[PDB]
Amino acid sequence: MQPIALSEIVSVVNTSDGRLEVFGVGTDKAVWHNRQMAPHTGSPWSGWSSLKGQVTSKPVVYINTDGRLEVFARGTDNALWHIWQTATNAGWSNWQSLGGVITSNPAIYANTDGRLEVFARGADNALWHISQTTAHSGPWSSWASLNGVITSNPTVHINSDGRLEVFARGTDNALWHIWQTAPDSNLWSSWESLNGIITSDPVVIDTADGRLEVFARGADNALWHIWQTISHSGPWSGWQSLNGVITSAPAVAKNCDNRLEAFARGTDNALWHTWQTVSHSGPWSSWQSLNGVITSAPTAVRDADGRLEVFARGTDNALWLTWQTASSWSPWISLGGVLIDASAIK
C-alpha cells in the first residue's frame, strides 16, 4: 500500500469457510483486503491486496446467502458501486455502478428471501434503498426513499421475525428508527423517535433472545444502550448508561456464549472494553484496558475458534490486531497496510 465519533477503519467478516477478512481504503482511494490463510485464531494473513476502485465511503462487506462476499461503497461520482465474488471460494467481479446519489456509507442486510437490500442517505438527507430482485442476484430494483432527515450513517438489522429495521441519528441528535411491517416487502412504518442524544453512529445487534439492541455514544461521551423489551417488538426500554469516557464509535460483538462485549477508544487513546458477565442476561463489567494507541474506532468479530478478535488503526496507519486467549488478550500485532478514514459522514 502507498505511504460523529471517529469511525471504524475496516469492514470485517467471518467467511463461509471460517476465515476473517477485512476491507479498507488506501491513500489513493482503492479498496484493499487482507484475510486469514487458516480458520484459526492467530492464523497467518494474506497481506493487503487491491480490489481497485475509487471510493468516498467506508467499503462495507456483506455475505450473500450463497456465501459469496460482496462489497458496497460510494464512488467519487457519489453513486453506489459494488463488487462481488463470482463464486464462494473464487475471485472477484469488476466494480459495477448501481447509480443514485448518496451521502452516507451504505448499510446492507439480507431479507428472509435472500435478497440483499442496501440503505443509504441521499442529497436531502432522507434514507433511500435498493435491492437484489432475486436471491443473491441482480438485476437490482430501482432506488426509492423512506424519507426522514438523518445526520449519521444508517444501520440496518433484521428482527428475529424477519423484518428489516433501520436506525439513524435525526437532526435533533436523537435516535430514530423505521421498520418493515412484513418481511420481504416494501411496506414500511413511519419513522419514530427513540429519543436520547447520540454522538456516534448507532451499532445494532440482535440478542440471543431475539431483541434488537442499539448502542451509541451519548452527549457525555459515555456508552449508552437501549432495546426492544420483547422479541422483535416494542415497547422499547429506557436509554441506559454503560458509563465509560469514549473517544471513538463503539463496536459490539457476541462472545460464543452470547455475552455481549463493547469496545471503544479511551481518553488515553488505548482500546477499552466492557462485557456482560456470567451469561447473556448478566450485568456489565467495569471498563478495562486492552492497551495500544489507536487512531480509529475498533472493529470486533468472533472467529472460527469462537474468540473475539479486534482490529484498529495505529499511529503509523497500519491495521493492528489483538484477540482473546484462554487467560486474557494477546499483545497487539501489526497487519501492516496504510489505511485512511474514508467515511462519507465524519
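Note that the rigid core is defined as the largest set of C-alphas that superpose within 1.5 Å between two forms. One rule holds for the numbers: they count along the sequence shown, beginning at 1.
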Comparing against the shown form in 8 other deposited structures of this protein, which stretch has the larger RMS C-alpha deviation after a rigid core superposition, 81-89 or 100-108? 81-89
Comparing 173-181 with 107-115, the higher average Cα temperature factor in the PDB entry belongs to 173-181
Of 78-86 and 233-241, the one with larger mean CA B-factor: 233-241
Between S141, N159, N221, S145, let me know which has the highest C-alpha B-factor in the entry? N221
Quick one: which of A300, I63, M37, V293 has the biggest Cα B-factor according to the entry? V293
Based on the entry's values, in what third of the chain does the Cα temperature factor of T134 lie: lowest, middle or highest? lowest
What third of the chain, by the recorded C-alpha B-factor, contains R265? highest
Split the chain's modelled residues into thirds by Cα B-factor; is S281 in the lowest, middle or highest one? highest
Classify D124 as lowest, middle or highest third according to the C-alpha B-factor given in the PDB entry, relative to its own chain. highest
Third of the chain's Cα B-factor distribution that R307 belongs to, per the entry: middle
